[PDB]
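Peer 1: One structure, as structure tokens, below. Some questions next.
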Amino acid sequence: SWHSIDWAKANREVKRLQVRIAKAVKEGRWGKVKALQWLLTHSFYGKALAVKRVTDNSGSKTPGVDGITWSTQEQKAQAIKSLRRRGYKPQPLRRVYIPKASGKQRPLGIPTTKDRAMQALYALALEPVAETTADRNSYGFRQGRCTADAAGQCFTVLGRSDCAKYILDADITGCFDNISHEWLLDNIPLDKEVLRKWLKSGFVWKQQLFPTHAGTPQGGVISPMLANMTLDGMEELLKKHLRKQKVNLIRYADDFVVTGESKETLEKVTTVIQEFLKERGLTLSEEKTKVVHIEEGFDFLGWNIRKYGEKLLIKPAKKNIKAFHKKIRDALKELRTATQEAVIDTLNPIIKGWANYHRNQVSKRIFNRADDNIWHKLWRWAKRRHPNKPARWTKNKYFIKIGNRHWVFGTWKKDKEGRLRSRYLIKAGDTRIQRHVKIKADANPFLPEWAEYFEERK
RNA sequence: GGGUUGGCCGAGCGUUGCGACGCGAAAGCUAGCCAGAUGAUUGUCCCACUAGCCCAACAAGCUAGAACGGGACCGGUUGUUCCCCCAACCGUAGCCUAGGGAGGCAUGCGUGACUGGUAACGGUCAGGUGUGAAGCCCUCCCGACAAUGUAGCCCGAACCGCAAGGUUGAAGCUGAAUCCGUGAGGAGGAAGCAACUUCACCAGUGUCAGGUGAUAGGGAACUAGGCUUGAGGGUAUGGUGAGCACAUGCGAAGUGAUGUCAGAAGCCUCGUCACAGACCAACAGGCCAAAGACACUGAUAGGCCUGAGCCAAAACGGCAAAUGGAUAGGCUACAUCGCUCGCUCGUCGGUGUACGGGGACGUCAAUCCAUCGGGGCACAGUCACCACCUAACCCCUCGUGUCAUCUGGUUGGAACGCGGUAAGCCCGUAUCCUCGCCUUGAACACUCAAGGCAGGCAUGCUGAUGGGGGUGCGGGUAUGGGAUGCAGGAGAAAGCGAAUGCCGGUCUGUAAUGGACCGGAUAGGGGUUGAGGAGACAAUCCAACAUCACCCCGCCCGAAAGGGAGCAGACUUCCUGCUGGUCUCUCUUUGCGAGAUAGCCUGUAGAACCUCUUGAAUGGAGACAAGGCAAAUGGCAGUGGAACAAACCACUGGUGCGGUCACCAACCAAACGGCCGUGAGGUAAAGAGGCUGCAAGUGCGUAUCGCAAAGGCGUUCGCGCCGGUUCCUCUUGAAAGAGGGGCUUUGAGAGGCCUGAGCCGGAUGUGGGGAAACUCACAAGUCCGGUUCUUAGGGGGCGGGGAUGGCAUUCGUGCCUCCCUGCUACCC
Ligand SMILES: [Mg+2]
Ligand SMILES: [Mg+2]
Ligand SMILES: [Mg+2]
């Protein structure tokens, strides 16, 4: 009976087991890990967690080369019982090109809906290990962290007067296949047999180290985490070799930058990193990695960092505003005619992500010059669907007044009951700029203490 | 490094009523041409000259007249601000057109009335409203004066209480006397008329003066037009050499290069943090004690200026503002541009070209151009070469007229006017072939029927007091810009006793549609009338080819009813067949890149899986430690709290095999007074059957998958190049771009569709633009002829007729809703 298990305690019990394994690895035992993570993944009430996770979040409709698809409320009952380590083989992958408006067919392989449960079950009992052995200054696909905190550790490491003055950008080029299959058999402590079965078949080639998208791991829950374990370290190794030349490191999944003390320092830092990239098989490109003076700046994440005189301020980068002026322009070309309730409905959510993603930087000026340059598009859109009428007319037609600047886009229509309705553009810029509060570096959301962070902070 | 506010030059053409074909037979409208009649041929005076008078017939002094004789003048423009001279063109007259009013008329749309008719289908007046034109309305009245519209430029005020009423002033508009001139014209402006609302501030504060900025609205200039002496020759700064697609073209319609969404050309904004500002806020470097008049707070209190730069202080404060430059004075003419559909206009703004002689005043503004750089605009064209038509200004000849209007002729065209019921359909009638039925007041489902088939007709009613069907007649009704074409049939207006059709020849040009010539056919009789010639004026038929005015016979089809007759038969309709192109969808096909499961065999592990065989080498409860391993395990088991205890809250747990430890249950291979006992030595082990997992093969590149089915140029006689398609590589944020390996290609079947944009050549017209050529519109102007493109579906934009009226307030104009209700030519 699937509709009988109490989900109100599933999370509690699984989280309790995860806390146990985390606190265990906190002590240098390493043996108790492969007795709780062998007990969790071979029991009820955690196995159903994977099925529940995989059946939702889409991706449970289109199958791999099996035909089978659960999609129901009673076929996912013998699926639970059919999850055994003994007698397991994979069923390759079917390459399906996901359509794109631009036509950018991005190859995303897809596994079976029973195979996917295993990839989503073993993510448990491996996730607690990754958090406990993380790199302190590592962000990306972690729990409770946000991509804004990567800029957070820049008002501090680089913010004060002296700090550092030279930065190294760097970028790794290898795809997920280049990782040595032998190497992965000896470090990730999930299992020494299932992992061997997995790689040899497919499960690879899917994309580069991390998903191309920012929040859509459609099918794979293990792929992000393996990268965050193979690319770990790199911080104790960095600070042990070079002692006092004020070195530091940040990394948001990919896209990691290192602050040196002088150009001389950042010539062996590109060597000690190079040594710690051959034990795996993926190296750094000799085309894009540059050492940059701080007064010229660099493009890290969707942000730009520079120093003007004696002043640190980080502002929206040039090749990210231009994208936002290309996504809008291509929604006013496919939806030219529209009905004026589709212009507002389509262009509203588009101007909310680009506002949330820069809500915490010095961008009050940048939010202007980025609404006018769309205002001169709506108005030019308005006078192209009335090639005969006059200006005063198009104006009184699609521009209203609210009790403010009398010229805003919208329609002051009504409702069924005789109430004055309203619709209008967000007009990015009416967003209180907030200075974020950084996450403590050593925070670990699975240790039994420090439970007041994260959940309450969310 | 945080709060808030800004954005726009206007008006029409491309978007509704009629559109077929035959004929101007009469009237109206209109284009050339041909000849006349009448007007006009545009400032004022002198010198005329034009004649006349009878000024005697002047050397006459008078009326008055002509576009083109000569002087002297006045007014308005242009020749870069203003003054003084000079040169140039133009006027106050006559006549139309654009525009504004007043009537009738035809028509749209609906509301009432009286009626024509069996019933289909209609008619006649009065009420309310739209429309009367780039093709398509009639008489009057204004008529270059006007209404309109705006980016630039002006005003948009003082005033005193006086309850806001006047005194003003006023951007400006009308402008009378008065005087000087002969006169056109000058100097002077008596008297009137006029928008004048709303705020925000000028070293805080509470105070008075002076000032500043933006708007409600008014004003100036322009909007406000044309012709009034020609013809010829040369002269582009004026235009044209389709259209549409694209790797290769179609087509009759230049040759070339480049470009089509990561965008050529053109344009708007800003300078390396790269939209114009301004207020507060905070921070920093500075300045005056409140900086025009007066208590009021105040100096570890203020205020202000400058700041993502400087200086300077109460000044008109100055500097350079990506690199490099030019510059005086513009209600002027022309061409171009003001952030993208083509064409006309109107105000305003900068560029480029052209624009007399002196003198006076005194230039420069973050104004402008050229180059680089950053961010934006999209309905796809740009740039050179060649060939041709045109000649306003320019130069050279020959001119004596030119413009408008009205008459009388001639040739024409039409959306204006007149003629045509016909096959479809509706109704009436006649007759005939009829005959199908669930029940049925029944002669017993078979004769006077309802529920009610059907039909008529939303149970709502007649309804075997009946149904059904073609056929011959008789009334009424069609509503008509091209969209694959063709062929016969029902029908056939206008013309013909020889024709502008039709049929056969000749001949000529267009890409296609043509024009001029010859031949060829082409009607059953009989009777009145002469409608008008002619016979004149009495003396004749036409006896009606006056396309047949009116009756009888035969002729053919119909039950009569009476309908029809020689070749032609234009346009719109209903029928038959063939033929064509566009769609959607189920099949198969091969070329690409993925690709297992089942099943069968080949070697292996069972310690955590069973059943065993063995003589035993076995059965239980415990303790520690663990970068060894695993066949259902933690929907579990605990403690302390909700005292405990029901949920509820915290904390604890390594699940088994193997490692080290030890304990209890039977050993008797040990010792061994042979068994007649005593202590004590280990509880080790190996083969068999399925059962499962691993590494392999076969099952197979099979099912199952994702995309795709495009070729063209010369055979240098290989192949090359330009493309298409699929798979893989680096690239940035990108749909773009590059570099490689493959192929470069098949047939059926089911169901739909036939609507619209243009462009080209001649023939008839018209209105804008223009001097002319040409240009953009009139359903693609219409017609005809030759061509390419486009057909679910949205979004917007109009119009007509009514309702209770909601609102704002002009109090009866508009925003609105509620349907009815035509429009899509317009963008995806
Ligand atoms: Mg049109
Ligand atoms: Mg006609
Ligand atoms: Mg059309």
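Every chain in the structure tokens takes a letter, A first, then B, and so on in the order presented; its residues are numbered from 1, and the ligands are numbered from 1 following the presented order.
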List as CSV every residue of chain B that is in contact with chain A, defined as an atom at most 6 Å from one of its atoms (using only C-alpha atoms (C1' of nucleotides)), together with the nearest atom pair and the distance in Å rounded to one decimal, sorted by chain and then rising number.

Peer 2:
residue,atom,partner,partner_atom,distance
B:627,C1',A:30,CA,5.7
B:654,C1',A:35,CA,5.8
B:735,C1',A:102,CA,4.7
B:795,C1',A:337,CA,5.6

Peer 1: Next, write the just-selected residues to a file, as a PDB file, in the first residue's frame, keeping N, CA and C atoms (P, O5', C5', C4', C3', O3' and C1' of nucleotides) as the atom set.

Peer 2:
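The file below, out-v8.pdb, is the result:
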ATOM      1  P     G B 627      38.934   2.044  11.022  1.00  0.00           P
ATOM      2  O5'   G B 627      39.099   2.395   9.483  1.00  0.00           O
ATOM      3  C5'   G B 627      40.265   1.989   8.778  1.00  0.00           C
ATOM      4  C4'   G B 627      39.958   1.679   7.338  1.00  0.00           C
ATOM      5  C3'   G B 627      41.121   1.106   6.539  1.00  0.00           C
ATOM      6  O3'   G B 627      40.625   0.184   5.575  1.00  0.00           O
ATOM      7  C1'   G B 627      40.439   3.161   5.584  1.00  0.00           C
ATOM      8  P     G B 654      27.010   2.379  16.272  1.00  0.00           P
ATOM      9  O5'   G B 654      27.216   1.252  15.170  1.00  0.00           O
ATOM     10  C5'   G B 654      26.131   0.835  14.351  1.00  0.00           C
ATOM     11  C4'   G B 654      26.250  -0.611  13.948  1.00  0.00           C
ATOM     12  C3'   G B 654      26.391  -1.596  15.099  1.00  0.00           C
ATOM     13  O3'   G B 654      25.743  -2.816  14.757  1.00  0.00           O
ATOM     14  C1'   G B 654      28.285  -1.744  13.700  1.00  0.00           C
ATOM     15  P     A B 735      23.061  29.801 -29.469  1.00  0.00           P
ATOM     16  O5'   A B 735      22.278  29.360 -30.781  1.00  0.00           O
ATOM     17  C5'   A B 735      22.943  28.652 -31.819  1.00  0.00           C
ATOM     18  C4'   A B 735      22.351  28.962 -33.171  1.00  0.00           C
ATOM     19  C3'   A B 735      23.080  30.035 -33.975  1.00  0.00           C
ATOM     20  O3'   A B 735      22.985  29.719 -35.360  1.00  0.00           O
ATOM     21  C1'   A B 735      20.854  30.718 -33.596  1.00  0.00           C
ATOM     22  P     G B 795      -7.708  37.656 -31.084  1.00  0.00           P
ATOM     23  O5'   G B 795      -6.817  38.982 -31.241  1.00  0.00           O
ATOM     24  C5'   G B 795      -5.396  38.885 -30.993  1.00  0.00           C
ATOM     25  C4'   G B 795      -4.781  40.255 -31.116  1.00  0.00           C
ATOM     26  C3'   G B 795      -5.777  41.416 -31.204  1.00  0.00           C
ATOM     27  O3'   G B 795      -5.892  41.991 -29.905  1.00  0.00           O
ATOM     28  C1'   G B 795      -4.348  41.389 -33.128  1.00  0.00           C
TER      29        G B 795
END

Peer 1: Taking only C-alpha atoms (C1' of nucleotides) and all ligand atoms into account, which residues are within 7 Å of ligand 3, as a list in words?

Peer 2: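 After applying the 7 Å limit, what remains is residues 756, 757, 779, 780 and 825 of chain B.
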
Peer 1: Could you list, as a VMD selection string, all the residues within 12 Å of ligand 1, counting only C-alpha atoms (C1' of nucleotides) and all ligand atoms?

Peer 2: chain B and resid 13 to 15 757 to 758 776 to 781 824 to 826

Peer 1: List all protein, DNA and RNA residues that have any atom at most 9 Å from ligand 2, counting only C-alpha atoms (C1' of nucleotides) and all ligand atoms, and write the list as an NGL selection string.

Peer 2: :B and (19-21 or 414-415 or 782-783)

Peer 1: For the selection just defined, write its residues with N, CA, C and O atoms (P, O5', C5', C4', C3', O3' and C1' of nucleotides) to a file, as a PDB file, in the first residue's frame.

Peer 2:
ATOM      1  P     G B  19     -23.253  47.176 -59.381  1.00  0.00           P
ATOM      2  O5'   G B  19     -22.056  47.527 -60.372  1.00  0.00           O
ATOM      3  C5'   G B  19     -22.308  48.138 -61.631  1.00  0.00           C
ATOM      4  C4'   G B  19     -21.031  48.430 -62.378  1.00  0.00           C
ATOM      5  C3'   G B  19     -20.311  47.211 -62.938  1.00  0.00           C
ATOM      6  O3'   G B  19     -19.622  47.594 -64.124  1.00  0.00           O
ATOM      7  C1'   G B  19     -18.892  48.323 -61.433  1.00  0.00           C
ATOM      8  P     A B  20     -20.331  47.453 -65.550  1.00  0.00           P
ATOM      9  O5'   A B  20     -20.490  45.883 -65.733  1.00  0.00           O
ATOM     10  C5'   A B  20     -19.354  45.030 -65.766  1.00  0.00           C
ATOM     11  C4'   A B  20     -19.732  43.656 -66.250  1.00  0.00           C
ATOM     12  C3'   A B  20     -20.217  43.597 -67.686  1.00  0.00           C
ATOM     13  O3'   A B  20     -19.140  43.455 -68.591  1.00  0.00           O
ATOM     14  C1'   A B  20     -21.721  42.423 -66.275  1.00  0.00           C
ATOM     15  P     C B  21     -18.683  44.676 -69.521  1.00  0.00           P
ATOM     16  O5'   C B  21     -19.376  44.351 -70.911  1.00  0.00           O
ATOM     17  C5'   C B  21     -19.169  43.092 -71.528  1.00  0.00           C
ATOM     18  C4'   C B  21     -20.414  42.594 -72.213  1.00  0.00           C
ATOM     19  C3'   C B  21     -21.026  43.531 -73.233  1.00  0.00           C
ATOM     20  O3'   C B  21     -20.383  43.423 -74.486  1.00  0.00           O
ATOM     21  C1'   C B  21     -22.719  42.611 -71.843  1.00  0.00           C
ATOM     22  P     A B 414     -17.410  52.472 -74.182  1.00  0.00           P
ATOM     23  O5'   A B 414     -17.685  53.030 -72.714  1.00  0.00           O
ATOM     24  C5'   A B 414     -16.724  52.862 -71.682  1.00  0.00           C
ATOM     25  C4'   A B 414     -17.008  53.749 -70.497  1.00  0.00           C
ATOM     26  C3'   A B 414     -18.305  53.479 -69.759  1.00  0.00           C
ATOM     27  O3'   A B 414     -18.203  52.388 -68.862  1.00  0.00           O
ATOM     28  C1'   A B 414     -18.073  55.800 -70.118  1.00  0.00           C
ATOM     29  P     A B 415     -19.392  51.314 -68.752  1.00  0.00           P
ATOM     30  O5'   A B 415     -19.863  51.417 -67.235  1.00  0.00           O
ATOM     31  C5'   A B 415     -20.299  52.656 -66.688  1.00  0.00           C
ATOM     32  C4'   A B 415     -20.626  52.534 -65.222  1.00  0.00           C
ATOM     33  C3'   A B 415     -21.024  53.836 -64.534  1.00  0.00           C
ATOM     34  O3'   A B 415     -21.936  53.538 -63.481  1.00  0.00           O
ATOM     35  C1'   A B 415     -19.127  52.960 -63.482  1.00  0.00           C
ATOM     36  P     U B 782      -9.868  48.032 -62.299  1.00  0.00           P
ATOM     37  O5'   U B 782     -10.766  48.304 -63.575  1.00  0.00           O
ATOM     38  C5'   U B 782     -12.160  48.530 -63.457  1.00  0.00           C
ATOM     39  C4'   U B 782     -12.785  48.598 -64.823  1.00  0.00           C
ATOM     40  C3'   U B 782     -12.375  47.467 -65.753  1.00  0.00           C
ATOM     41  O3'   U B 782     -13.231  46.350 -65.629  1.00  0.00           O
ATOM     42  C1'   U B 782     -12.002  49.541 -66.822  1.00  0.00           C
ATOM     43  P     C B 783     -12.638  44.864 -65.695  1.00  0.00           P
ATOM     44  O5'   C B 783     -12.455  44.616 -67.250  1.00  0.00           O
ATOM     45  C5'   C B 783     -13.532  44.841 -68.142  1.00  0.00           C
ATOM     46  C4'   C B 783     -13.047  44.857 -69.563  1.00  0.00           C
ATOM     47  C3'   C B 783     -11.991  43.817 -69.882  1.00  0.00           C
ATOM     48  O3'   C B 783     -12.556  42.552 -70.166  1.00  0.00           O
ATOM     49  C1'   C B 783     -11.293  45.919 -70.694  1.00  0.00           C
TER      50        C B 783
END

Peer 1: Work out how far atom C1' of residue 322 of chain B is from atom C1' of residue 371 of chain B, in Å to one decimal.

Peer 2: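 Interatomic distance, atom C1' of residue 371 of chain B to atom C1' of residue 322 of chain B: 10.5 Å.
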
Peer 1: What's the 8 Å shell around residue 226 of chain A, counting only C-alpha atoms (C1' of nucleotides), without same-chain residues fewer than 4 positions away, as a JSON list (two decimals) with N, CA and C atoms, in the first residue's frame?

Peer 2:
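Written file, out18.json:
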[["chain", "number", "residue", "atom", "x", "y", "z"],
["A", 188, "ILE", "N", 36.21, 8.17, -3.67],
["A", 188, "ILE", "CA", 34.83, 8.40, -3.26],
["A", 188, "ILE", "C", 34.34, 7.21, -2.46],
["A", 222, "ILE", "N", 24.02, 12.20, -8.94],
["A", 222, "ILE", "CA", 25.37, 11.85, -8.54],
["A", 222, "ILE", "C", 26.41, 12.66, -9.30],
["A", 230, "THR", "N", 36.08, 15.07, -6.46],
["A", 230, "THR", "CA", 37.35, 14.93, -7.16],
["A", 230, "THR", "C", 38.10, 16.24, -7.22]]

Peer 1: Within 12 Å of residue 722 of chain B, counting only C-alpha atoms (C1' of nucleotides), which residues qualify if same-chain residues fewer than 2 places away don't, as a PDB file with N, CA and C atoms (P, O5', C5', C4', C3', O3' and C1' of nucleotides), in the first residue's frame?

Peer 2:
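New file around35.pdb:
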ATOM      1  P     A B 247      20.095  29.901 -51.166  1.00  0.00           P
ATOM      2  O5'   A B 247      21.475  29.415 -51.795  1.00  0.00           O
ATOM      3  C5'   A B 247      22.123  30.189 -52.790  1.00  0.00           C
ATOM      4  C4'   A B 247      23.152  29.388 -53.546  1.00  0.00           C
ATOM      5  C3'   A B 247      23.058  29.452 -55.061  1.00  0.00           C
ATOM      6  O3'   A B 247      23.688  30.613 -55.572  1.00  0.00           O
ATOM      7  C1'   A B 247      23.480  27.220 -54.329  1.00  0.00           C
ATOM      8  P     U B 248      23.230  31.245 -56.971  1.00  0.00           P
ATOM      9  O5'   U B 248      23.612  30.125 -58.031  1.00  0.00           O
ATOM     10  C5'   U B 248      23.013  30.107 -59.315  1.00  0.00           C
ATOM     11  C4'   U B 248      22.968  28.710 -59.872  1.00  0.00           C
ATOM     12  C3'   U B 248      22.029  28.493 -61.048  1.00  0.00           C
ATOM     13  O3'   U B 248      22.631  28.860 -62.280  1.00  0.00           O
ATOM     14  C1'   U B 248      21.718  26.781 -59.439  1.00  0.00           C
ATOM     15  P     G B 711      18.452  14.932 -54.352  1.00  0.00           P
ATOM     16  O5'   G B 711      18.232  14.988 -55.927  1.00  0.00           O
ATOM     17  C5'   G B 711      19.228  15.525 -56.783  1.00  0.00           C
ATOM     18  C4'   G B 711      19.265  17.030 -56.718  1.00  0.00           C
ATOM     19  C3'   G B 711      20.011  17.721 -57.848  1.00  0.00           C
ATOM     20  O3'   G B 711      19.208  17.888 -59.002  1.00  0.00           O
ATOM     21  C1'   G B 711      20.714  18.611 -55.777  1.00  0.00           C
ATOM     22  P     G B 712      19.866  18.355 -60.391  1.00  0.00           P
ATOM     23  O5'   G B 712      20.082  19.923 -60.218  1.00  0.00           O
ATOM     24  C5'   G B 712      20.194  20.766 -61.353  1.00  0.00           C
ATOM     25  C4'   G B 712      21.195  21.872 -61.138  1.00  0.00           C
ATOM     26  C3'   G B 712      22.390  21.875 -62.075  1.00  0.00           C
ATOM     27  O3'   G B 712      22.099  22.440 -63.340  1.00  0.00           O
ATOM     28  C1'   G B 712      23.122  22.219 -59.855  1.00  0.00           C
ATOM     29  P     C B 713      22.877  21.923 -64.644  1.00  0.00           P
ATOM     30  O5'   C B 713      24.331  22.552 -64.495  1.00  0.00           O
ATOM     31  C5'   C B 713      24.526  23.952 -64.605  1.00  0.00           C
ATOM     32  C4'   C B 713      25.989  24.312 -64.535  1.00  0.00           C
ATOM     33  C3'   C B 713      26.918  23.522 -65.441  1.00  0.00           C
ATOM     34  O3'   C B 713      26.922  23.973 -66.782  1.00  0.00           O
ATOM     35  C1'   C B 713      27.838  23.613 -63.277  1.00  0.00           C
ATOM     36  P     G B 720      37.438  15.655 -56.545  1.00  0.00           P
ATOM     37  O5'   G B 720      37.236  17.110 -57.158  1.00  0.00           O
ATOM     38  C5'   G B 720      38.338  17.845 -57.667  1.00  0.00           C
ATOM     39  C4'   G B 720      37.893  19.163 -58.246  1.00  0.00           C
ATOM     40  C3'   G B 720      36.977  19.989 -57.360  1.00  0.00           C
ATOM     41  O3'   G B 720      37.688  20.736 -56.391  1.00  0.00           O
ATOM     42  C1'   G B 720      36.083  19.893 -59.546  1.00  0.00           C
ATOM     43  P     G B 724      23.690  24.459 -47.233  1.00  0.00           P
ATOM     44  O5'   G B 724      22.900  23.094 -47.440  1.00  0.00           O
ATOM     45  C5'   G B 724      21.565  23.099 -47.919  1.00  0.00           C
ATOM     46  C4'   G B 724      21.020  21.702 -48.050  1.00  0.00           C
ATOM     47  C3'   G B 724      21.118  20.834 -46.808  1.00  0.00           C
ATOM     48  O3'   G B 724      20.053  21.076 -45.907  1.00  0.00           O
ATOM     49  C1'   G B 724      21.836  19.611 -48.710  1.00  0.00           C
TER      50        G B 724
END

Peer 1: Please compute the atom CA of residue 248 of chain A-atom CA of residue 173 of chain A distance, one decimal, in Å.

Peer 2: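 Separating atom CA of residue 248 of chain A from atom CA of residue 173 of chain A is a distance of 21.9 Å.
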
Peer 1: Skipping near chain neighbours, those fewer than 2 positions away, what residues fall within 10 Å of segment 296-303 of chain A using only C-alpha atoms (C1' of nucleotides), listed as a ChimeraX atom specification?

Peer 2: /A:147-148,150-151,166-169,251-252,254-257,290-294,305-308,314-321,357-358,361

Peer 1: Report, in Å to a single decimal, how far apart atom CA of residue 278 of chain A and atom CA of residue 171 of chain A are.

Peer 2: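 Separating atom CA of residue 171 of chain A from atom CA of residue 278 of chain A is a distance of 14.8 Å.
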
Peer 1: Which residues are near residue 125 of chain B? Cut-off 12 Å, only C-alpha atoms (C1' of nucleotides), ignore same chain within fewer than 3 positions. Put them as a PyMOL selection string.

Peer 2: chain B and resi 113-115

Peer 1: Could you write out, as a count of residues only, all the residues of segment 216-380 of chain A that DSSP marks as alpha helix (DSSP H)?

Peer 2: 58

Peer 1: With DSSP run on the backbone, what are the strand (DSSP E or B) residues within segment 65-144 of chain A? I'd like them as a ChimeraX atom specification.

Peer 2: /A:94-98,106-110,139
